[PDB]
Every structure is written in C-alpha cells, then in structure tokens.
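J.: Following this message is one structure expressed as structure tokens.
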Amino acid sequence: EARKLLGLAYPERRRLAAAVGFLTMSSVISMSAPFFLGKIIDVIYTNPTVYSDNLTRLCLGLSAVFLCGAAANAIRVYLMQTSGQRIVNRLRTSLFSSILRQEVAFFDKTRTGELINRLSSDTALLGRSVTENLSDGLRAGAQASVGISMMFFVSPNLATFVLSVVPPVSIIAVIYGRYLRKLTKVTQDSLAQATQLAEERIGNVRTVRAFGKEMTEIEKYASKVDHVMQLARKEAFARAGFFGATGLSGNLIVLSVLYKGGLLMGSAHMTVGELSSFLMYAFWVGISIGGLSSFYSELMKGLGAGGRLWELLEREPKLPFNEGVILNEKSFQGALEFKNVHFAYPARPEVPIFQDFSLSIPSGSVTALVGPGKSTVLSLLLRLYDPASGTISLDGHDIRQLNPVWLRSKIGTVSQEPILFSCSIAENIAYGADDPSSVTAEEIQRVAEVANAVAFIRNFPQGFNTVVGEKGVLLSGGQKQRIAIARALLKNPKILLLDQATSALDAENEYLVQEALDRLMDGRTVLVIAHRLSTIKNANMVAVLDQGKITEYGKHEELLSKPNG
C-alpha cells in the first residue's frame, strides 16, 4: 500500500525536490510580512518623529520580497502540476495495457462502466493525492506552526486568553452542525419517498384512469407534501439559532480581544503595530486549520481510489496469451477433430452447452452442422474459452500447445451482423492485414470489386474517407455485411466459418450476398452453419446436432432417406 505509493513518484525525484524547496522559501518570505507591517505602522503612528525618509526605503525594500514570493509561487505551481500530469499519463497507459491483455472470461463478470470509470476518474485522484495535495498539506502545517509559535512571542498574556475562549466555543459549533445535517437528511428522505409516489403513478396513467380514481391520488400527494412541509419548519428554527449565535460570538470575541489589549500596562505594553501583527497571525492559524481538514478528506478519498486501481495492474491472465510454437511447413488444411468435450459457460455453469462430440473435418470439405447453442464452436476454435473435459486436435497435435496469434491469424470467421469500427472504409478493409499501414490504394478497390462492394464504397458522398458506424452515415445491413466479407479476404483464411441469420431479408439484393457469402468456396475448408436446404444439398457432410450430441455423421445421400420419414 504505502510502500507502492512511493514507487509512483520515484521517476520524479528531481522535479519534486525543487517544488518543496520553493514552497518552503515562499512560506518563509510570506510569514514575515505581518512583522514588517507593524514596524511600518510604528514609524508613522506611535511617535511620528520628524518619517518621510525612513518610510520610502522600507516600502521600496519590501516590494522586492513580495516580487520574490510571487516568482517562487509561480514556479512551484508549474512544477507540481507538470508532475501530476506525467504520473497520471503513465498510470493510464499501464492500466489500459493490463486490462486489454486479460482473458475474455473476465469481461463477463465485469461491466465496461466500472473499467471506464477506473480509466478516467480514479487515475486523476491517484495522481493528485501524491503530488498536488502534499504541497497544500505542508503549507498548511507550516502556516499553523509559525503562526501559533510566533503568536506567543508578541504578547504571552493575551495569547493565553485567546486559547481559552476560541477553543471551547468551536467545540459547540461542531456539535451543533450535526443536528441540522440529520434534520435535513430526514426531510430529504421524506421528500424522496413522496416523489417516488408521483413517478410510479404518472408511469401508469392508463391503469389509474380505467377505474376512475384520479383525485384520490391528488389528496394522497397533498398529504405527503404537507407532511414534508411540517418537518422542514423544524430545520429553519435551528438554522436561525445557529446564525444568530455564530454572529454574536464572533463579534464579541473580536471586541473582547481588542478591549483587553488596552488595559495591559507596564509589564507588557502593546504598541499599535504589535496588535495588528497578532491579529494577522490569528487569522493565518484560522485558515490553516481548514487547510488541514481539507487535506485529510482529500487524502482519504485518494487512498480509496488507489485501492481499486492497485488491483488490475497486478492480476495474472487466466490463459496464456503468447509463448507458443508454430509448426508451419504446410501440411495443414482444416484437419481438426473433437473428443467428446464437456464444458459450460464460465459465466453460467448451470445449463450444459456441449455434452458430446465426434465431429471431424477433412481437407477440402464443406461440412455443415445443423439442428435446433451450436454457435459456440466459433468461440472454441479461436481459443477464447477453454475446454473443461475434452480435447481438440489439429493435425495430430492439439491446439493448446500452439501460439494463439498464428492460430487466430489462419482461422478466419464471417458473420451476418458484424461489428463496424469508427473509421474510413479505406482502413477497415486494411484492418484484416498484418500491417494496416502497409496497404496499397488499389488493393482496397480490387477487393471491393471481388466482393462487388464498389457500388457504395466508391460512391459515397464523402468518398472512401466516410466515417462508418451507427452514427452519421448509417450503412445498410447488406453493405455492412459485404464490407465484412471483403475484410477477411486479405488475410487469406485457410478455414472459413460462416453463419446464417434466422430472419430473412430482401431478395432484391440477395444476389450480391449470394455472390460473396457462399461464393467464397474457393477450395477452403469451410464449416458452414446454416439452415437453408441449398447448403445441405451443396456440401459433403450434413452432420446434425441435437440434445447436446451428434447423431448423424453421413453425407447428404445417406441422410436424405431417413428411416422415419
């Protein structure tokens, strides 16, 4: 905890030291200002002598001290703010890397709102409570120490009087401040309860009107708001008492401090300037107390934010993200098998997902699953989740030992409703390739021509640089699926995993989709998951899944003449 907070400021060792030096300089040459003002006043009022040549020099000299204080304050502010920024940036980048490196299963139990809030709000608190708050704390502490210590040096007898009435009175103020707060909380609770009755009923005007009971709601609300009104009166009385007592006490305390200082004769006589210095120091101490209180509150909030931020950066990923082996050397075309895998979602272990599999995929096949949960094979083949009780083999060797990046690069998937990123079409297509920057302009046009997407990609109102997304230029479903079809062609997937929408679409544009969605059967091992009979009659195997198991694993001819039907 506290040991790790020192680590954050370790990159900034030289910047922060200068800030503390300039802070202490400013405090020193700012708490010796009341002392000189007393001398200046005594030059002209306690005994005027015969005060025009011994006054210009003093003011002219003190102006220089004021200038130095201003410069020191400026430099301190600049250094502290820059250090805060340069710590917050590092925290933000490291937190984003740690979050993005984690496994998929973590995002199921954690909402995006919490992660975004940690990414923006809490980092500001953790970067401000280690540099831009300790300066204020140190300044407040120095102010209080120098103020109280030097207040005894001017008049000890009057300093023991100001520490016998101010302390006990301020104790009552803290006690009296909680009564008003609890009364206000009570009134606010009653108002919230009354409002919760007026939001439900407006939400159900249809049912409150069928029976004809509408006025009765008006009297119920009237009674509730009257009850809220009566409790609010008891708050006003206490507030009036507080205001009167606080004004009277302050005025009488100042008058009593002033009055006593004129009756001290002989032993400790107070010239005009010394009284002014005394009063200034009292004010300074009064400010410093509130400074300390604010510092403590801010420090506690900062520790609260740090408690949550100090966790994601130190969490081990559940499954390996790198450090694998790539066999390559060709001799690999979609030859994968299953060994009766059993697993449910890690998010929900209640209902089973896959209880049995005996499915095999050969080279140059258009094998097609069918049934009624069958879409989760997509998740398994790309190594996002992990089998619980089973084994997936790819050309003898299993997919566990392989490096996930190369495996996910070779396997390419196409769906019906694809997520579209907020960028130009000239980039989204390049997103498939290994290097999105190293793409020629004509390659995008050629790929659009292959997928027949030039009808809209070239002819935008903003051209190729159109921002595509849910906002602004809304692309149609057919076009936004044709762009996805064109996306995967650049990475040359040896295994293609299509998908079928249950809801039908317009047949006017169906020719282009039928020329890209299932016309990509260019010798690639394809596991089409569809329901149309055309794919069933235009493929090798039509294996059927039902009740979490594989029943039929024959070609189309064998399954064509079912024993029952």
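Where a number appears in this text, it was derived from the coordinates with a stated rule and is not lab data. Don't worry about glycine lacking a Cβ; one is built from the backbone with ideal geometry, like all the others, and counts go over all protein chains shown.
J.: Hey, if you put +1 on the Cβ of every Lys and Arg and -1 on every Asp and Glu Cβ in the chain, which of 401, 62, 457 ends up farthest toward the positive end of that dipole?
T.: 62
J.: While we're looking at this one, here's another question. Using the scaling law 2.2 N^0.38 Å as the reference, what is the normalised Cα Rg of region 89-146? Walk me through the numbers on the way to the answer.
T.: On the way: Rg = 17.3 Å, N = 58, 2.2 N^0.38 = 10.3 Å.
Compared with the compact-globule rule of thumb, region 89-146 sits at 1.68.
J.: Given bins 5 angstrom wide, list per bin the percent of all Cα-Cα distances in region 10-113, short to long.
T.: Per 5 Å bin, starting at zero, the Cα-Cα P(r) for region 10-113 comes out as 2, 9, 13, 11, 10, 8, 8, 7, 6, 6, 5, 4, 3, 3, 2, 2, 1, 0 percent.
J.: Here's another thing I want to ask about it. For region 236-243, what does the Karplus curve 6.51 cos²θ - 1.76 cosθ + 1.60, with θ = phi - 60°, yield as ³J(HN,Hα) per residue in whole Hz, taken in order and with x for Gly and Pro?
T.: 5, 4, 5, 5, 4, x, 4, 5
J.: Relative to the compact-globule scaling 2.2 N^0.38 Å, provide the ratio for the alpha-carbon radius of gyration of region 1-329.
T.: Numbers: Rg = 30.5 Å, N = 329, 2.2 N^0.38 = 19.9 Å.
This ratio for region 1-329 stands at 1.53.
J.: About the Cα centre of the chain, how large is the charge dipole given +1 on each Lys and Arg Cβ and -1 on each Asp and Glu Cβ? Please answer in debye to the nearest 20.
T.: Working: 58 positive and 50 negative charges, 312 e Å.
Charge dipole of the chain: 1500 debye, to the nearest 20.
J.: Determine the calculated [θ] at 222 nm for the chain from helices alone, applying -39500 (n - 2.57) to every DSSP H run no shorter than 4 residues and normalising by the residue count; nearest 500 deg cm²/dmol. Please list the in-between numbers first.
T.: Details: 21 runs with 313 residues, N = 565.
Counting only the DSSP helices, I get -18000 deg cm²/dmol.
J.: Sticking with this structure for a sec: Quick check: Cα centre of region 454-483 to Cα centre of region 500-551, how many Å?
T.: 26
J.: For a test of the definition: using alpha carbon positions, the gyration tensor, and the 1.5 limit on a/c, classify region 236-322 as rounded, prolate or oblate. Intermediate values should be presented prior to the final figure.
T.: On the way: a/c = 8.13, a/b = 2.52, b/c = 3.23.
Because a/c hits 1.5 or more and a/b fails to exceed b/c, region 236-322 counts as oblate.
J.: Within region 1-329, how many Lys pairs sit with Cα atoms under 29 Å apart, leaving out pairs fewer than 8 places apart on the same chain?
T.: 17
J.: Students often get this wrong: which residues of region 359-394 have the backbone nitrogen under 20 Å from the point 7 angstrom along Cα-to-C-beta of residue 552?
T.: 359-362, 365-375, by backbone N distance to the label point.
J.: Moving on. Counting only the backbone N, which residues of region 294-310 are under 11 Å from the spot 7 Å out from the Cα of residue 1 toward its beta-carbon?
T.: 303-304, 307, by backbone N distance to the label point.
J.: Taking the Cα centre of region 330-565 as the origin, how large is its charge dipole in debye, to the nearest 20, when only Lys and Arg (+1) and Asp and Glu (-1) carry charge on their Cβ atoms?
T.: Values: 23 positive and 25 negative charges, 55 e Å.
Charge dipole, region 330-565, about its Cα centre: 260 debye, nearest 20.
J.: What spacing in nm lies between the two simple spin-label points modelled at residue 289 and residue 42, each 7 Å away from Cα in the Cβ direction?
T.: In this crude spin-label approximation the distance works out to 2.9 nm.
J.: Take the Cα gyration tensor of region 330-565, multiply each eigenvalue by 5, square-root it, and list the three semi-axes largest first, rounded to whole angstrom.
T.: Numbers: eigenvalues 215, 91, 61 Å².
Each semi-axis is √(5λ); the values are 33, 21, 17 Å.
J.: Quick one: Karplus J couplings for region 126-142, per residue in order, coefficients 6.51, -1.76, 1.60, θ = phi - 60°, nearest Hz, x for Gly and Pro?
T.: Taking θ as phi minus 60°, the curve returns 5, x, 8, 8, 10, 10, 8, 10, 5, 4, 5, x, 4, 5, 5, x, 4 Hz for region 126-142.
J.: What net charge do the residues around residue 22 carry, taking every other residue with its C-beta under 12 Å from that of residue 22, with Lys and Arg at +1 and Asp and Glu at -1? Before the final figure, lay out each step's value.
T.: Numbers: positive: 15, 76, 139; negative: none.
After counting each charged neighbour, the total is +3.
J.: Here is a further query. Need the C-alpha centroid separation for region 153-209 versus region 268-289, integer Å.
T.: 33
J.: Run the simple label-point estimate for residue 52 and residue 303 please: 7 Å along Cα→C-beta, distance reported in nm.
T.: Between residue 52 and residue 303, the simple spin-label model gives 6.3 nm.
J.: Could you work out how much longer the chain between residue 325 and residue 85 gets when fully extended? Use 0.36 nm per residue separation minus the Cα distance between them, nm to one decimal. Write down the numbers at each step before the final one.
T.: Numbers: separation 240, 0.36 × 240 = 86.40 nm, distance 4.14 nm.
Stretched out fully, the residue 325 to residue 85 stretch lengthens by 82.3 nm.
J.: Each label point is 7 Å from the Cα along the Cα-to-Cβ direction; what then is the distance between the points at residue 406 and residue 374, in nm?
T.: Label at residue 406, label at residue 374, 3.3 nm between them.
J.: Moving on to the next point. Based on the Cβ-Cβ distance of residue 474 and residue 239, what FRET efficiency does E = 1/(1 + (r/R0)^6) give at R0 = 45 Å, to the nearest 0.05?
T.: Numbers: r = 56 Å, r/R0 = 1.24.
It comes out at approximately 0.20.
J.: Follow-up question, since we're still on this one. For region 218-264 and region 316-340, what is the centre-to-centre distance using only Cα atoms, to the nearest Å?
T.: Here the answer is 75 Å between Cα centres.
J.: Within a Cβ distance under 15 Å of residue 128, other residues only, what is the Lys/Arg minus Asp/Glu net charge?
T.: On the way: positive: 86, 90, 92, 301; negative: 12, 122, 132, 136, 298.
Residues close to residue 128 contribute a combined charge of -1.
J.: Also, I was wondering about something else. Assuming 1.002 mPa s and 20 °C, estimate D for region 508-565 with Stokes-Einstein, Rh taken as the Kirkwood radius over Cα pairs, in µm²/s.
T.: Values: Rh = 13.3 Å.
D = 161 µm²/s.
J.: Additional query: Under a Cβ-Cβ cut-off of 13 Å, what is the net charge of the residues other than residue 470 that fall near it, where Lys and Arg count +1 and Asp and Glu count -1? The partial results should precede the final answer.
T.: Working: positive: 471, 480; negative: 417.
So the environment of residue 470 carries a net charge of +1.
J.: While we're on this one: Treating the Cα atoms of the chain as identical point scatterers in vacuum, please give the log10 of the normalised Debye intensity I(q)/I(0) at q = 0.06, 0.07, 0.10, 0.11 Å⁻¹, two decimals.
T.: Relative scattering, expressed as log10 I(q)/I(0), comes to -0.65, -0.78, -1.06, -1.15.
J.: Something else about it: Apply 1/(1 + (r/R0)^6) to the Cβ-Cβ distance of residue 279 and residue 217, taking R0 = 60 Å, and write down the FRET efficiency to the nearest 0.05.
T.: Details: r = 61 Å, r/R0 = 1.02.
Working from the Cβ atoms, E equals 0.45.
J.: Across region 204-214, in residue order, what do the Karplus-derived ³J(HN,Hα) couplings come to in whole Hz, using 6.51 cos²θ - 1.76 cosθ + 1.60 with θ = phi - 60° and x for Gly and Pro?
T.: With the stated coefficients, region 204-214 comes to 10, 5, 4, 8, 6, 9, 4, 7, x, 8, 10 Hz.
J.: By average Cβ neighbour count within 10 Å, what is the ranking of 251-259, 71-79 from highest down? It would help to have the intermediate numbers written out before the result.
T.: On the way: 251-259: 12.1, 71-79: 16.2.
Ranked from most to least packed, the peptides come out as 71-79, 251-259.
J.: Now for a separate question. With Rg and the Kirkwood Rh both taken from Cα atoms, where does Rg over Rh land for region 442-538? Walk me through the intermediate numbers first.
T.: Numbers: Rg = 14.4 Å, Rh = 14.8 Å.
With Rh from the inverse mean 1/r over Cα pairs, Rg/Rh is 0.97.
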